[PDB]
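Q: Please see the structure below; I have some questions.
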Amino acid sequence: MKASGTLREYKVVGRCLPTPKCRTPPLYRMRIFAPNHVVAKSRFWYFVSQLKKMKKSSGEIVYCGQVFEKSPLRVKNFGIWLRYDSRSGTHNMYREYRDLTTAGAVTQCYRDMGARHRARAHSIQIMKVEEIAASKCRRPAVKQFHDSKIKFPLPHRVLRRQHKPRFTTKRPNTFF
Amino acid sequence: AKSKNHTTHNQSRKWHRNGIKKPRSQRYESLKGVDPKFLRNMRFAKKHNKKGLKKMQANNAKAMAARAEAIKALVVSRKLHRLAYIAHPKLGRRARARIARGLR
Amino acid sequence: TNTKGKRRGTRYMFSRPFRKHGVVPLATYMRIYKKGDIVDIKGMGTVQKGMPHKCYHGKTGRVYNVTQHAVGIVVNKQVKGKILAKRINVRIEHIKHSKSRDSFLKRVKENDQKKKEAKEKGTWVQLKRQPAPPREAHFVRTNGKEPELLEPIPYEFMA
Amino acid sequence: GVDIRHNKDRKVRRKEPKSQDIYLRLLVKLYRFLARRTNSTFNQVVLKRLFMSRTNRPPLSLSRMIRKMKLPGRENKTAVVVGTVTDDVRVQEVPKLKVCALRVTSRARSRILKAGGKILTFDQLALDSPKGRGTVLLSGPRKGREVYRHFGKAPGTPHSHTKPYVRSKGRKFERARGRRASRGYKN
Amino acid sequence: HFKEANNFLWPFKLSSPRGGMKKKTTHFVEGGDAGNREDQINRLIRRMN
RNA sequence: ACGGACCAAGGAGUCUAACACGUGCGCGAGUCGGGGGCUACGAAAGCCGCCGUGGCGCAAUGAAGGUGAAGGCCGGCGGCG
RNA sequence: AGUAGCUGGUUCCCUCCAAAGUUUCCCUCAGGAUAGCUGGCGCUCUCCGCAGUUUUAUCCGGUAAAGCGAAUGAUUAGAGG
RNA sequence: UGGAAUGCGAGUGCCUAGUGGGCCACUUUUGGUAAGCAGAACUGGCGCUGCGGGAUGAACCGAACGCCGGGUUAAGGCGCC
RNA sequence: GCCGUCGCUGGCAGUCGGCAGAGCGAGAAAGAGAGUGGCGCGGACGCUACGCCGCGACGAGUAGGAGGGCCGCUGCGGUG
RNA sequence: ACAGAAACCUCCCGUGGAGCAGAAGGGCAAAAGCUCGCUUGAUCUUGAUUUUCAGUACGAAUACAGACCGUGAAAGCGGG
RNA sequence: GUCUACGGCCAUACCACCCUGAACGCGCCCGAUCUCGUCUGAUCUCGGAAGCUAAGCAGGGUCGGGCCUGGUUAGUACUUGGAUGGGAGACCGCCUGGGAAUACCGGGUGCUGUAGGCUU
Ligand SMILES: [Mg+2]
Ligand SMILES: [Mg+2]
Ligand SMILES: [Mg+2]
Ligand SMILES: [Mg+2]
Ligand SMILES: [Mg+2]
Ligand SMILES: [Mg+2]
Ligand SMILES: [Mg+2]
Ligand SMILES: [Mg+2]
Ligand SMILES: [Mg+2]
Ligand SMILES: [Mg+2]
Ligand SMILES: [Mg+2]
Ligand SMILES: [Mg+2]
Ligand SMILES: [Mg+2]
Ligand SMILES: [Mg+2]
Ligand SMILES: [Mg+2]
Ligand SMILES: [Mg+2]
Ligand SMILES: [Mg+2]
Ligand SMILES: [Mg+2]
Ligand SMILES: [Mg+2]
Ligand SMILES: [Mg+2]
Ligand SMILES: [Mg+2]
Ligand SMILES: [Mg+2]
Ligand SMILES: [Mg+2]
Ligand SMILES: [Mg+2]
Ligand SMILES: [Mg+2]
Ligand SMILES: [Mg+2]
Ligand SMILES: [Mg+2]
Ligand SMILES: [Mg+2]
Ligand SMILES: [Mg+2]
Ligand SMILES: [Mg+2]
Ligand SMILES: [Mg+2]
Ligand SMILES: [Mg+2]
């Protein structure tokens, strides 16, 4: 899986194909964070295969649909439990992020896990995602935004329009 | 000096240029290699086939007579269907006349 | 290089299976082979007479000659870029009736009956096989049970 | 690029006679038109054979023409051969035939005509049988040539009845070793 | 009669995808182009047809 | 790695014989006069026919002595039964 | 004009098709013969057959892995008689 | 009811050159400490082959080539060269 | 777009004219049939048939093979 | 009993852990091993086939076929 | 329910031990004149019918060993095809498909053809 663009949360339901022994096999569900649905179904078969004697040939996808964020206009803290392979082992991690959508927090996770650990998305298995209350957060980087009277300036504002004009008579100002 | 010893590299590529053709099959195979004692009698069976020639004619004609005698006793949408009928050059020949006559 | 020995490389091929050595069951000798029959060649090491050559072990041929103890088999052999129809004499211990055509002969009889029976009943029945089609649309009842949620398990060094 | 082989693009077949004969080409012009402008496949087959080489146009013997023209249902049909009708002295009685050929040997003409038969030329067949109706197309034996004795498995291989190439024939000429068990082997 | 109607059609000669491809050398699910992309073939067909 | 400073002219799959297959032409169970003879180009061409001797083909096979290329039915008789 | 399985050279244009360094035999290893790979000439048909593919049936196999409180072989440690 | 899918016109015969030093890559693999080493299997390549990218390069990546215009791409890229 | 090759073993002899009558590309076999009874004098080009015309696909090449040269050199028979 | 680790006799267990000329692998238990009895299929003969393979030779081998035989009560087996 | 003769497949049928076996069988069993063969009538062969199910044999039993068959092992190990994936390597991950075997746990413990008997 390539963590291309902002990921989406998918609800994927599958089962074993019915057989004479078990005319109605049980249904299984998974939360899949993927770029599109075609990827979402592929990763489902990769996870259920790891947990059950199942695979695409001997099973079917009963339902694939996007799970929309329930409060996209509200700030939340997310706790993400994941395991990943490094160059020399496998590790479990718990990470926290502040976002508006759960799929956004997961996308932050992939970009962050790539930045801080050189982890490609094919080695990362997100186990669990939960919305966490400000009192239950552990990471100091997230907790410092739990401040009802938060305030801070924007020092040394870098000039981003550096080629319009390309040549100018006046030097830029970084204080605003 | 020393050289390469053996390889089959490039050999399945050459074999398939003119195809690995299967052997030709005829409906009559040669009796070469069959049991000499059994082949001797088969030749004798063929050699006297003509002995029962008259008997075969009588049965075949008799069998034909019975065979002939037994025989001689024994013997999408309704709109689109209609349009497909009219558009048929033969079947719709009269129908096309009817619409033309009425049109006039 | 290797040797050109007749039985080189047949240590396992011609050996008898596990705890299946000893006497050869006599039903092996009671089978009836007729000209045109399809037989699977399988060398049996218990009988060293009329042994098929290793290249013919696991090939399937056609009977063309029948003698007191053996049969003549026309079996394709590929040598380099050509295939040769080879004629071998193999004692009937080292062969068995091929069941590859039996499924076909069963189908021919079933086909003809359906063809005959349907003809007198004025109906068109399917006769040609078909590849497995994509499965048709269907409903999956949940029976008021939420699908079980699955999650990946944590890593553990169970070393 | 397209994945295709080009070794079989050009079909090897005659589109015209290698012969520069002007009378042969006048017949080819005649039957080019007939083959094109009629739905008759007899015209197409004749046209094709006018292109064929000498060894693809074997001569038809008089005896063989009579044998094939004597089969039931072939009465009063025109025998047509794109080739030469040779004579067969081994025949005693010649019936009344009606034949069309490119050539007829001098002695075969007298025998055919003396029996009341008729000898056409392929320009006369077109006027008589524009579509080839009522004809019996006949061919001489194609493997009736000394060369086909020498073709097949090489003479020194088992069950190879091929004829070898020997300057002279006799006891001293390729009969010792490989042709009898007494000298080495036989196969 | 899909077989007859389809073989009657010559193989469609499509143009290079306008807008490029992601990576022809890997599967679609890997962020490439090869393999089954299900209904996502239509987006490709618009850019090539 | 070797030949090549530069320019011109010269400079290397030919001819005879044998064989094989393909193609073209003539005649055709035949065919061929090549050796011989007759009657400026011309040493050519034309002709021979009781000049076809002869070659190749039309018969193979065997070491050789040698042999050497479809049958069936009807009626009658002798023998065996 | 000795022979050379060895070195060097081998002369105009366009169009089409397009290799092999492999098999076997050889006083064979810098070379030949042989099959394969190539080209050319066709011919016999056509407008059933075939296939460097899958499907469905049915056989063949002893490598990957696994086993050694199963045979063979190698091998560590205690325990009970 | 030409009895699975798919695709495709096939069969056949003569004559035949060059070749018979190979080498490289994924995977598998023998010897060797290893080697741009020696020896194998499979496929694909270079040899015989240009072209875009890898600055440069027999083999890597993309893609194979009649002479052109427009458009779009692959692999690769987008400070300046 | 143009060049060539290959394929359709494609089309054109119908320029059938005042002794005339203009067609045979059209989804779906076989006749623009024959009959017996109930003013003007006109109408392009073509077709070296080894010629001309149409449609579709294709085009790398050493060693090597083949074809075509209204490519080129010298001499002979004919012809200009 | 002499007789002992080992002589010979007896009973029991014993899937081959023995033997089958030889290298190894395969095969084999009223046998393919061991012991007796009779014997010369290790004889005469034409083709087909397999292995190496070029689908050539030899060598070796496989099914038959036609004679003479051996053995066995016989079915059969045997031309090393 | 079951046996005898001849079998097919050849352990679900074998091996160890225990229990029970009506009828007919199959046996053990009693002899050596004859046939036949032994050092030995033990075996083999022959002639029998006093006794006995003791044994063979049949059925059953055993938290039986084996064997057959499932579960687990495990979608694990291994693997076909893919990438200008990771890593200095050793190797590893992912994509597309296939997919094992121990230990451990459970279930089972001959079926059957031809002919002929016994079993009210
Ligand atoms: Mg070499
Ligand atoms: Mg091209
Ligand atoms: Mg080419
Ligand atoms: Mg070619
Ligand atoms: Mg653009
Ligand atoms: Mg690649
Ligand atoms: Mg030099
Ligand atoms: Mg110099
Ligand atoms: Mg010069
Ligand atoms: Mg010739
Ligand atoms: Mg002179
Ligand atoms: Mg010289
Ligand atoms: Mg000299
Ligand atoms: Mg040399
Ligand atoms: Mg020698
Ligand atoms: Mg050299
Ligand atoms: Mg092995
Ligand atoms: Mg292993
Ligand atoms: Mg190497
Ligand atoms: Mg070279
Ligand atoms: Mg090439
Ligand atoms: Mg290239
Ligand atoms: Mg570089
Ligand atoms: Mg361009
Ligand atoms: Mg070219
Ligand atoms: Mg015995
Ligand atoms: Mg015999
Ligand atoms: Mg009792
Ligand atoms: Mg006694
Ligand atoms: Mg008891
Ligand atoms: Mg048990
Ligand atoms: Mg029982």
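Every chain in the structure tokens has a letter given in the order shown (A, B, ...), and although residue numbers restart at 1 in each chain, ligands are simply numbered from 1 in the order shown.
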Grab me every residue within 10 Å of ligand 6, counting only C-alpha atoms (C1' of nucleotides) and all ligand atoms, and send it over as a ChimeraX atom specification.

A: /E:25-26 /H:26,60-62 /K:82-84

Q: Could you tell me which residues of chain E sit within 8 Å of chain A when counting only C-alpha atoms, and give me the result as an MDAnalysis selection string?

A: chainID E and resid 29:31 37:38

Q: List as a ChimeraX atom specification the protein and nucleic acid residues lying within 12 Å of ligand 4, with only C-alpha atoms (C1' of nucleotides) and all ligand atoms counted.

A: /D:5-12 /G:16-18,38-41 /I:65-66

Q: Neighbouring residues of region 20-30 of chain D were defined as those with any atom within 9 Å, considering only C-alpha atoms (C1' of nucleotides); residues of the same chain fewer than 3 positions away were excluded. Please report them as a ChimeraX atom specification.

A: /D:16-17,33-35,47,50-51,102,122-123,126 /F:24 /I:49

Q: Let's have the selection written as a PDB file, in the first residue's frame, with N, CA, C and O atoms (P, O5', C5', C4', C3', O3' and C1' of nucleotides).

A:
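Produced file selection_19.pdb, reproduced below:
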```pdb
ATOM      1  N   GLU D  16       1.901 -15.944 -62.544  1.00  0.00           N
ATOM      2  CA  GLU D  16       1.994 -15.901 -63.993  1.00  0.00           C
ATOM      3  C   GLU D  16       3.014 -16.943 -64.424  1.00  0.00           C
ATOM      4  O   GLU D  16       3.851 -17.353 -63.620  1.00  0.00           O
ATOM      5  N   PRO D  17       2.967 -17.384 -65.677  1.00  0.00           N
ATOM      6  CA  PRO D  17       3.936 -18.390 -66.121  1.00  0.00           C
ATOM      7  C   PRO D  17       5.341 -17.810 -66.203  1.00  0.00           C
ATOM      8  O   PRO D  17       5.553 -16.732 -66.761  1.00  0.00           O
ATOM      9  N   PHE D  33      -9.403 -13.372 -67.424  1.00  0.00           N
ATOM     10  CA  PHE D  33     -10.712 -12.738 -67.503  1.00  0.00           C
ATOM     11  C   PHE D  33     -11.809 -13.688 -67.043  1.00  0.00           C
ATOM     12  O   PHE D  33     -12.670 -13.317 -66.241  1.00  0.00           O
ATOM     13  N   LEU D  34     -11.792 -14.925 -67.539  1.00  0.00           N
ATOM     14  CA  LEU D  34     -12.836 -15.877 -67.180  1.00  0.00           C
ATOM     15  C   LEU D  34     -12.811 -16.194 -65.692  1.00  0.00           C
ATOM     16  O   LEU D  34     -13.860 -16.266 -65.048  1.00  0.00           O
ATOM     17  N   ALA D  35     -11.622 -16.404 -65.129  1.00  0.00           N
ATOM     18  CA  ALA D  35     -11.531 -16.696 -63.705  1.00  0.00           C
ATOM     19  C   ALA D  35     -12.042 -15.527 -62.878  1.00  0.00           C
ATOM     20  O   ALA D  35     -12.650 -15.722 -61.820  1.00  0.00           O
ATOM     21  N   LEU D  47      -6.674 -21.635 -64.702  1.00  0.00           N
ATOM     22  CA  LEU D  47      -5.798 -20.470 -64.710  1.00  0.00           C
ATOM     23  C   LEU D  47      -4.539 -20.737 -63.902  1.00  0.00           C
ATOM     24  O   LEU D  47      -3.426 -20.428 -64.338  1.00  0.00           O
ATOM     25  N   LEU D  50      -1.971 -23.054 -65.701  1.00  0.00           N
ATOM     26  CA  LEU D  50      -1.219 -22.454 -66.790  1.00  0.00           C
ATOM     27  C   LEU D  50       0.059 -21.800 -66.286  1.00  0.00           C
ATOM     28  O   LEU D  50       1.021 -21.662 -67.047  1.00  0.00           O
ATOM     29  N   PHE D  51       0.088 -21.384 -65.018  1.00  0.00           N
ATOM     30  CA  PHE D  51       1.310 -20.861 -64.423  1.00  0.00           C
ATOM     31  C   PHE D  51       2.291 -21.958 -64.048  1.00  0.00           C
ATOM     32  O   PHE D  51       3.494 -21.699 -63.980  1.00  0.00           O
ATOM     33  N   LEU D 102      -3.064 -28.796 -73.767  1.00  0.00           N
ATOM     34  CA  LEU D 102      -2.103 -27.847 -74.315  1.00  0.00           C
ATOM     35  C   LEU D 102      -1.352 -28.448 -75.493  1.00  0.00           C
ATOM     36  O   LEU D 102      -1.161 -27.784 -76.515  1.00  0.00           O
ATOM     37  N   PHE D 122      -7.374 -24.820 -75.620  1.00  0.00           N
ATOM     38  CA  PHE D 122      -7.970 -24.158 -74.465  1.00  0.00           C
ATOM     39  C   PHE D 122      -8.722 -22.893 -74.840  1.00  0.00           C
ATOM     40  O   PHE D 122      -9.582 -22.452 -74.072  1.00  0.00           O
ATOM     41  N   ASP D 123      -8.426 -22.297 -75.994  1.00  0.00           N
ATOM     42  CA  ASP D 123      -9.257 -21.205 -76.482  1.00  0.00           C
ATOM     43  C   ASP D 123     -10.580 -21.709 -77.042  1.00  0.00           C
ATOM     44  O   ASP D 123     -11.573 -20.977 -77.021  1.00  0.00           O
ATOM     45  N   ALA D 126     -13.009 -22.524 -73.988  1.00  0.00           N
ATOM     46  CA  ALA D 126     -13.685 -21.364 -73.424  1.00  0.00           C
ATOM     47  C   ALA D 126     -14.949 -21.037 -74.202  1.00  0.00           C
ATOM     48  O   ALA D 126     -15.976 -20.692 -73.612  1.00  0.00           O
TER      49      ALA D 126
ATOM     50  P     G F  24       9.048 -23.542 -65.771  1.00  0.00           P
ATOM     51  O5'   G F  24       9.776 -23.095 -67.103  1.00  0.00           O
ATOM     52  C5'   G F  24       9.989 -21.726 -67.390  1.00  0.00           C
ATOM     53  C4'   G F  24      10.739 -21.567 -68.681  1.00  0.00           C
ATOM     54  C3'   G F  24      10.305 -22.482 -69.808  1.00  0.00           C
ATOM     55  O3'   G F  24       9.147 -22.033 -70.482  1.00  0.00           O
ATOM     56  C1'   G F  24      12.647 -22.532 -69.630  1.00  0.00           C
TER      57        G F  24
ATOM     58  P     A I  49       1.623  -4.388 -72.014  1.00  0.00           P
ATOM     59  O5'   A I  49       0.841  -4.890 -70.728  1.00  0.00           O
ATOM     60  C5'   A I  49      -0.566  -4.726 -70.621  1.00  0.00           C
ATOM     61  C4'   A I  49      -1.157  -5.706 -69.646  1.00  0.00           C
ATOM     62  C3'   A I  49      -1.376  -7.107 -70.199  1.00  0.00           C
ATOM     63  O3'   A I  49      -1.177  -8.069 -69.168  1.00  0.00           O
ATOM     64  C1'   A I  49      -3.439  -6.208 -69.508  1.00  0.00           C
TER      65        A I  49
END
```

Q: Choose the residue, out of K:52, K:95, K:63, K:77, that has the smallest atom-to-atom separation from ligand 18; count only C-alpha atoms (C1' of nucleotides) and all ligand atoms.

A: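 Nearest candidate to ligand 18 out of K:52, K:95, K:63, K:77: K:77.
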
Q: Do you know which residues are at most 7 Å from region 47-64 of chain J counting only C-alpha atoms (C1' of nucleotides), after dropping those on the same chain fewer than 4 positions away, and could you put them as a VMD selection string?

A: (chain B and resid 33 35) or (chain C and resid 4 6 50 67 70 87 to 89) or (chain D and resid 157) or (chain G and resid 24 34 to 35)

Q: Keeping only N, CA, C and O atoms (P, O5', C5', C4', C3', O3' and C1' of nucleotides), write those residues as a PDB file, in the first residue's frame.

A:
```pdb
ATOM      1  N   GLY B  33       4.553 -54.280 -36.515  1.00  0.00           N
ATOM      2  CA  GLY B  33       4.882 -54.591 -35.143  1.00  0.00           C
ATOM      3  C   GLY B  33       3.818 -55.319 -34.354  1.00  0.00           C
ATOM      4  O   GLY B  33       4.042 -55.602 -33.174  1.00  0.00           O
ATOM      5  N   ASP B  35       1.244 -58.603 -33.429  1.00  0.00           N
ATOM      6  CA  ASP B  35       1.590 -59.998 -33.214  1.00  0.00           C
ATOM      7  C   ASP B  35       1.564 -60.755 -34.539  1.00  0.00           C
ATOM      8  O   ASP B  35       0.556 -60.706 -35.254  1.00  0.00           O
TER       9      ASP B  35
ATOM     10  N   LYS C   4      25.320 -43.185 -19.366  1.00  0.00           N
ATOM     11  CA  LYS C   4      24.169 -43.513 -20.195  1.00  0.00           C
ATOM     12  C   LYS C   4      23.435 -44.747 -19.698  1.00  0.00           C
ATOM     13  O   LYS C   4      22.762 -45.421 -20.483  1.00  0.00           O
ATOM     14  N   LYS C   6      20.833 -47.402 -18.277  1.00  0.00           N
ATOM     15  CA  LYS C   6      19.407 -47.477 -18.571  1.00  0.00           C
ATOM     16  C   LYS C   6      18.567 -47.027 -17.385  1.00  0.00           C
ATOM     17  O   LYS C   6      17.534 -46.374 -17.561  1.00  0.00           O
ATOM     18  N   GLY C  50      10.065 -56.463 -18.948  1.00  0.00           N
ATOM     19  CA  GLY C  50       9.180 -55.536 -19.624  1.00  0.00           C
ATOM     20  C   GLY C  50       9.106 -54.185 -18.960  1.00  0.00           C
ATOM     21  O   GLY C  50       8.081 -53.507 -19.060  1.00  0.00           O
ATOM     22  N   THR C  67      -0.084 -58.920 -26.499  1.00  0.00           N
ATOM     23  CA  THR C  67       0.547 -60.228 -26.475  1.00  0.00           C
ATOM     24  C   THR C  67       0.127 -60.960 -25.206  1.00  0.00           C
ATOM     25  O   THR C  67      -0.739 -60.501 -24.462  1.00  0.00           O
ATOM     26  N   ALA C  70       2.386 -58.723 -22.365  1.00  0.00           N
ATOM     27  CA  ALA C  70       2.615 -57.295 -22.521  1.00  0.00           C
ATOM     28  C   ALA C  70       1.652 -56.713 -23.545  1.00  0.00           C
ATOM     29  O   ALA C  70       0.795 -57.404 -24.092  1.00  0.00           O
ATOM     30  N   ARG C  87       6.803 -46.503 -30.018  1.00  0.00           N
ATOM     31  CA  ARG C  87       6.135 -47.777 -29.795  1.00  0.00           C
ATOM     32  C   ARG C  87       6.964 -48.581 -28.806  1.00  0.00           C
ATOM     33  O   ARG C  87       8.089 -48.980 -29.117  1.00  0.00           O
ATOM     34  N   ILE C  88       6.408 -48.829 -27.627  1.00  0.00           N
ATOM     35  CA  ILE C  88       7.106 -49.551 -26.574  1.00  0.00           C
ATOM     36  C   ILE C  88       6.323 -50.812 -26.250  1.00  0.00           C
ATOM     37  O   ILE C  88       5.104 -50.871 -26.433  1.00  0.00           O
ATOM     38  N   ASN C  89       7.039 -51.834 -25.793  1.00  0.00           N
ATOM     39  CA  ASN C  89       6.445 -53.075 -25.314  1.00  0.00           C
ATOM     40  C   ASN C  89       6.625 -53.121 -23.807  1.00  0.00           C
ATOM     41  O   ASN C  89       7.757 -53.121 -23.315  1.00  0.00           O
TER      42      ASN C  89
ATOM     43  N   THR D 157      19.304 -45.381 -43.437  1.00  0.00           N
ATOM     44  CA  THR D 157      18.552 -45.336 -42.198  1.00  0.00           C
ATOM     45  C   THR D 157      17.535 -46.466 -42.188  1.00  0.00           C
ATOM     46  O   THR D 157      17.117 -46.932 -43.249  1.00  0.00           O
TER      47      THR D 157
ATOM     48  P     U G  24      26.398 -34.614 -27.291  1.00  0.00           P
ATOM     49  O5'   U G  24      26.727 -35.683 -28.416  1.00  0.00           O
ATOM     50  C5'   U G  24      26.033 -36.919 -28.468  1.00  0.00           C
ATOM     51  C4'   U G  24      26.103 -37.532 -29.841  1.00  0.00           C
ATOM     52  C3'   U G  24      27.490 -37.880 -30.353  1.00  0.00           C
ATOM     53  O3'   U G  24      27.977 -39.107 -29.850  1.00  0.00           O
ATOM     54  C1'   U G  24      26.301 -36.733 -32.031  1.00  0.00           C
ATOM     55  P     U G  34      26.957 -33.318 -43.855  1.00  0.00           P
ATOM     56  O5'   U G  34      26.319 -33.780 -42.478  1.00  0.00           O
ATOM     57  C5'   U G  34      25.975 -35.134 -42.243  1.00  0.00           C
ATOM     58  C4'   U G  34      25.486 -35.343 -40.832  1.00  0.00           C
ATOM     59  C3'   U G  34      24.317 -34.485 -40.390  1.00  0.00           C
ATOM     60  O3'   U G  34      23.068 -34.946 -40.867  1.00  0.00           O
ATOM     61  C1'   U G  34      25.964 -34.460 -38.715  1.00  0.00           C
ATOM     62  P     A G  35      22.029 -33.916 -41.524  1.00  0.00           P
ATOM     63  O5'   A G  35      21.192 -33.366 -40.292  1.00  0.00           O
ATOM     64  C5'   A G  35      20.207 -34.174 -39.670  1.00  0.00           C
ATOM     65  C4'   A G  35      19.870 -33.679 -38.289  1.00  0.00           C
ATOM     66  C3'   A G  35      19.266 -32.290 -38.195  1.00  0.00           C
ATOM     67  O3'   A G  35      17.880 -32.254 -38.487  1.00  0.00           O
ATOM     68  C1'   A G  35      20.975 -32.508 -36.591  1.00  0.00           C
TER      69        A G  35
END
```
